[PDB]
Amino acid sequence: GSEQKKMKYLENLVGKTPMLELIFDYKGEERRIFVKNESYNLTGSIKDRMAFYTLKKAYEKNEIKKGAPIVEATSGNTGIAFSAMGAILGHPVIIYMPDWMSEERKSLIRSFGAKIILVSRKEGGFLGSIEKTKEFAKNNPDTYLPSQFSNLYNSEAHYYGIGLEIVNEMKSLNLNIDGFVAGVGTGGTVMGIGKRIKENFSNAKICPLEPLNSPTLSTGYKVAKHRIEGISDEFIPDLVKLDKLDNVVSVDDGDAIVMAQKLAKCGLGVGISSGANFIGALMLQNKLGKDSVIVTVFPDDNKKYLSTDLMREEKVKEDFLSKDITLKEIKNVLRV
């Protein structure tokens, strides 16, 4: 080949992230959770694995030509990841997002060479941001649409990549996996990792996670704004197939923030969705038994969240799990 050569080496920019064994007290019995740290990636997120897999398989299946624009609707880690990997592969990148999105998001995505097209309230969300991507393709037929919320390459990325890493590294510790939890944005993470884990541990519980403040998985709908950036921003996406998963876990965004704060104070600088996943995983442990082996992921680091409530004191509410959690140690770290 040659393109094949290129894709073989560019994959060294993504994956092979640390697996961490985190020990903590939960009122006040000793527990542990296993977690992948996905900050160790090209642009700092799990979405790098997904963007790379997507573009690679698309090249393999001749579904994108050289120099073709990559076009998507997002303001988060997906725009960042396709912007960077798009530029690496010689593609201009076009991102549609709403016109009230913060300066910080726009500047970071702009840094990576993408063209940003802003959509107003009146031009329709949000939902109309994904509509203009479809318009663009019909007027420029070389357009590749990642279609993150519906594209099987997304879930597959995590089946072939991070999911397999998880099964391999838990097997090297001779630990069976009793469960896995992940917040759903596109759903690619929970679906892909779940498919992989359930091939190896048929009784594993694969629980998708939503915010209690906007339970898009349990109701179907975008109910309200919440502060768990990267998860449930729109509608149960087409990729998520709830029937193939076990029961929905719900976490309050404040509880996620406090948990992420605690994580940073033990030297793990993570995003709000990571704190959510940690709480998520503990909930699942609480259903299965204190000593069950539960895995999750930390999808990004804390550096993009330095003006969010991650930086402020959160009111502790009755039902927060995080008020009864004290982190003790990183007991082990695996890197394969």
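Numbers follow the displayed sequence, beginning with 1.
When the mean C-alpha temperature factors of 94-102 and 74-82 are read from the deposited coordinates, 94-102 comes out higher. Taking the mean C-alpha B-factor of each stretch as recorded, 324-332 and 308-316 are not equal, and the higher mean is that of 308-316. Per the PDB entry, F149 shows the highest C-alpha temperature factor of the residues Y159, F180, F112, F149. The entry lists C-alpha B-factors for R31, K65, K47, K303, and the highest of these is at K65.
In the PDB entry, a CA B factor belonging to the lowest third of its chain's modelled residues is recorded for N168. In the PDB entry, a CA B factor belonging to the middle third of its chain's modelled residues is recorded for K205.
When the modelled residues of the chain are ordered by C-alpha B-factor, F298 sits in the lowest third. Ranked against the other modelled residues of its chain, the C-alpha B-factor of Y53 as given in the entry falls in the middle third.
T189 sits in the lowest third of its chain by CA B factor, as recorded in the PDB entry.
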